[PDB]
Visitor: 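Can you read through this structure? Questions will come right after.
First listed ligand is number 1; within each ligand, the first listed atom is number 1. Only this structure's heavy atoms are used, side chains among them; waters, hydrogens and symmetry mates stay out. Chain naming here is simple, since letters A, B, ... match the order of the sequence lines and numbering starts at 1 in each.
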Amino acid sequence: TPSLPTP
Amino acid sequence: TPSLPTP
Amino acid sequence: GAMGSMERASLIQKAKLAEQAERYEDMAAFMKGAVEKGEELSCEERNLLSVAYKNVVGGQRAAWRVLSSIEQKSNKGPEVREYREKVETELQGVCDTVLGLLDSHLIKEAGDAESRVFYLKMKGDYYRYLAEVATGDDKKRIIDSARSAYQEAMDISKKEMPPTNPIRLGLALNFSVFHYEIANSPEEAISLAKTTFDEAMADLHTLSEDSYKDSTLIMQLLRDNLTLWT
Amino acid sequence: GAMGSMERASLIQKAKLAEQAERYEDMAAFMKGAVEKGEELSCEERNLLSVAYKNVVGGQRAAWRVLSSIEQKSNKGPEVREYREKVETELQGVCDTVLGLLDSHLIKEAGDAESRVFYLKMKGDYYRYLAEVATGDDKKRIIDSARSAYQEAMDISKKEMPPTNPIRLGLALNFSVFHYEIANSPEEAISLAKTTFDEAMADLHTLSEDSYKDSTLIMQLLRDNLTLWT
Ligand SMILES: *Cc1ccc(-n2c(-c3ccc(OCCO)cc3)nc3ccccc32)cc1Br
Ligand SMILES: *Cc1ccc(-n2c(-c3ccc(OCCO)cc3)nc3ccccc32)cc1Br
């Protein structure tokens, strides 16, 4: 599952 | 200008 | 150590250059040097630290997953396991470095909600990455360390920050991922994401256009996970 | 040094794993270890060496160009120049490492056209990368070293390989780029690309479907450059 992405 | 790419 | 002779301002400047050059290992080393100067970090500096290490460990984690998959399929000689172990140890070392910065002494000096929540979220994240590769006697303790950090962050964020605050939102996103992927608690994960989304939606009316854009970006990630999980 | 205790076969195995994990620095270290075992490299191994170092230096070059552009716009304190210099020195070190492998002792032991051409092409490429960042007393000599390597490779390739051979084609592509970007010789670059393309086209009839696909891929890159340059 996706966590907070980096820019 | 582009040279030979890597795969 | 190695950045001890460079000015704090120069380290921050070079971290920004390294970001533009996509040199994230350098970026992280510069930011580690800046933290080790002993002063508190500003909001922008906190974000530079986070971007640098998240890019470094993100590459390591991706490599680890590739190698772990090959290893699992294999179950030939010791090489897959050895190289998986090599990447794992390097990843563990980066997580320990970040955790060490947080413990010496970023968290203890962080008194404002925004900084304290940010650092505790990071602490949860890096214990989470340690948990992803853990298999020994201390694995439950690693998981609990992540949980404890995220829970302290959540408690402060709920008391001190609006429901739309991007840090509060990102914390909830990542704690929900902890629940789903690490703690074997998908229902808790779904509940947390849903409640976070709904409470943020109800507070959007208070925001400027720019704040709205920031909050809604992260809300969409919550919604994306809810869609995947349900 | 550091790979001295690992079996050659294990180094090659781990280079392939590193490629799958997109760990190109590790890949290059593994391949350096393999070369240092002192045996000749097979075709597949030669390509692993090439992929590893081209990915490493390709990242360095991209970073260098970003930083050089910022530096040029700046012309503030010494930090942009210092960090550009840091990346430059690291890039130079990687080029010197590759050139050292070629000189000690890959080229001298390479007797077949396919291996000798491959290594001399690499020698030209890495001197070319050195030339891209060169500004001192030895810059003309660096450029001539690239030229000399490419020219020896060309002479063998024209004598010993069909015009469609992918190494012959890639060599011509990169030597044409040398002419256009380094030697200030766009007409030579265009001539070389055009003649190479036309001589390959006329030999496609001799190929299998798989060989055809390989040759035409590189011909299309020649054509793409000709389109850009004319
Ligand atoms: C953990 C964390 C949460 C929030 C921020 N952050 C943001 C922000 C980050 C990512 C966003 O969307 C990603 C998907 O498009 C949207 C906003 N904005 C901030 C302003 C001030 C402080 C922190 C902020 C960073 C991080 Br590391
Ligand atoms: C320098 C060099 C030239 C050719 C090869 N190579 C190829 C091959 C490489 C790249 C190709 O297209 C790239 C754009 O799509 C097409 C073919 N095929 C080979 C077979 C055997 C030996 C070398 C080969 C490698 C390199 Br490093």
Side-chain angles (χ1 to χ4, degrees), chain A residues 2-7, chain B residues 2-7, chain C residues 41-55 112-115 117-126 150 153 157 161 164-175 177 196 200 210-225, chain D residues 41-55 112-115 117-126 150 153 157 161 164-175 177 196 200 210-225:
Chain A
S3 62
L4 189 73
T6 54
Chain B
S3 62
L4 189 73
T6 54
Chain C
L41 305 189
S42 72
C43 178
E44 181 172 7
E45 295 162 354
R46 288 193 295 271
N47 279 282
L48 292 164
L49 177 70
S50 175
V51 167
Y53 279 111
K54 199 152 270 185
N55 273 275
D112 291 355
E114 290 69 27
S115 57
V117 174
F118 191 100
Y119 295 134
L120 290 163
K121 178 187 168 186
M122 288 188 61
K123 181 176 183 175
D125 286 343
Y126 285 88
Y150 286 136
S157 74
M161 285 171 163
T164 49
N165 176 279
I167 302 167
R168 181 167 166 180
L169 294 175
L171 164 63
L173 180 70
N174 283 9
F175 193 20
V177 166
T196 303
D210 286 0
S211 294
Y212 185 87
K213 177 188 79 63
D214 294 342
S215 295
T216 61
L217 283 171
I218 302 171
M219 289 171 66
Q220 184 60 46
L221 304 177
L222 291 166
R223 174 57 54 197
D224 289 345
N225 288 354
Chain D
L41 305 189
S42 72
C43 178
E44 181 172 7
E45 295 162 354
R46 288 193 295 271
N47 279 282
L48 292 164
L49 177 70
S50 175
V51 167
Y53 279 111
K54 199 152 270 185
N55 273 275
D112 291 355
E114 290 69 27
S115 57
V117 174
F118 191 100
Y119 295 134
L120 290 163
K121 178 187 168 186
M122 288 188 61
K123 181 176 183 175
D125 286 343
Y126 285 88
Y150 286 136
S157 74
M161 285 171 163
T164 49
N165 176 279
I167 302 167
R168 181 167 166 180
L169 294 175
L171 164 63
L173 180 70
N174 283 9
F175 193 20
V177 166
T196 303
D210 286 0
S211 294
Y212 185 87
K213 177 188 79 63
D214 294 342
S215 295
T216 61
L217 283 171
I218 302 171
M219 289 171 66
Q220 184 60 46
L221 304 177
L222 291 166
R223 174 57 54 197
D224 289 345
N225 288 354

Visitor: At less than 4.0 angstrom from any non-hydrogen atom of C:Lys121, what atoms of ligand 1 do you find?
Guide: 1 (C), 2 (C), 3 (C), 26 (C)
Visitor: Show me which atoms of ligand 2 lie under 4.0 Å from any heavy atom of D:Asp214.
Guide: 16 (C)
Visitor: Checking C:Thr216 side chain against C:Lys213 main chain: does a donor-acceptor pair fall under 3.5 Å?
Guide: yes
Visitor: Nearest protein heavy-atom contact for atom 21 (C) of ligand 1: which residue, which atom, what distance?
Guide: C:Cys43 SG, 4.0 Å
Visitor: Please state which protein non-hydrogen atom is closest to atom 27 (Br) of ligand 1 and give its distance, to 0.1 Å?
Guide: C:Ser50 OG, 3.4 Å
Visitor: With the side chain counted from C-beta on, respond yes when D:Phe118 and D:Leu171 share a heavy-atom pair under 4.5 Å apart, and no when they do not.
Guide: no
Visitor: Starting from the C-alpha separation in whole Å, work towards a yes-or-no answer on side-chain contact (heavy atoms from CB on, under 4.5 Å) for D:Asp125 and D:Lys121.
Guide: CA-CA 6 Å; D:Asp125 286 343; D:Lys121 178 187 168 186; 4.1 Å; yes
Visitor: Sub-3.5 Å donor-acceptor pair from the side chain of C:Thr196 to the main-chain atoms of C:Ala172, do we have one?
Guide: no
Visitor: Give the residue, atom name and distance (to 0.1 Å) of the protein heavy atom nearest atom 25 (C) of ligand 2.
Guide: D:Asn47 OD1, 3.4 Å
Visitor: Could you tell me whether the side chain of D:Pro166 reaches within less than 4.5 Å of the side chain of D:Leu217, counting heavy atoms only?
Guide: no
Visitor: Is the backbone N or O of A:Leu4 less than 3.5 Å from a side-chain atom of C:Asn174, with the two atoms forming a donor-acceptor pair by type?
Guide: yes
Visitor: Please state which protein non-hydrogen atom is closest to atom 11 (C) of ligand 1 and give its distance, to 0.1 Å?
Guide: C:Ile218 CG1, 3.5 Å
Visitor: Sort out for me which residue in C:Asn165, C:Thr164, C:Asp210 forms a side chain to side chain contact (heavy atoms under 4.5 Å, CB included) with C:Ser215.
Guide: C:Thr164
Visitor: Protein heavy-atom contact under 4.0 Å for atom 14 (C) of ligand 1?
Guide: yes
Visitor: Of the protein's non-hydrogen atoms, which lies at the shortest distance from atom 23 (C) of ligand 1, and what is that distance?
Guide: C:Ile167 CG1, 3.6 Å
Visitor: Quick test of your reading of the structure: of D:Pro166, D:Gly170, D:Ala172, whose heavy atom lies closest to atom 19 (C) of ligand 2?
Guide: D:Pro166
Visitor: Hey, which atoms in ligand 1 end up nearer than 4.0 Å to a heavy atom of A:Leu4?
Guide: 1 (C), 2 (C), 3 (C), 26 (C)
Visitor: What pairs with A:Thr6 under side chain to side chain donor-acceptor pair (under 3.5 Å), at least two apart in sequence or on another chain?
Guide: none
Visitor: Please list, in number order, the atoms of ligand 1 under 4.0 Å from a heavy atom of C:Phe118.
Guide: 27 (Br)
Visitor: Might you check, step by step, whether the distance between atom 17 (C) of ligand 2 and some protein heavy atom is under 4.0 Å?
Guide: yes
Visitor: Just wondering, do C:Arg46 and C:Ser115 contact through their side chains at under 4.5 Å, heavy atoms?
Guide: yes
Visitor: Hey, is C:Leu221 touching ligand 1 through its side chain, its backbone, both or neither, going by heavy atoms under 4.0 Å?
Guide: side chain
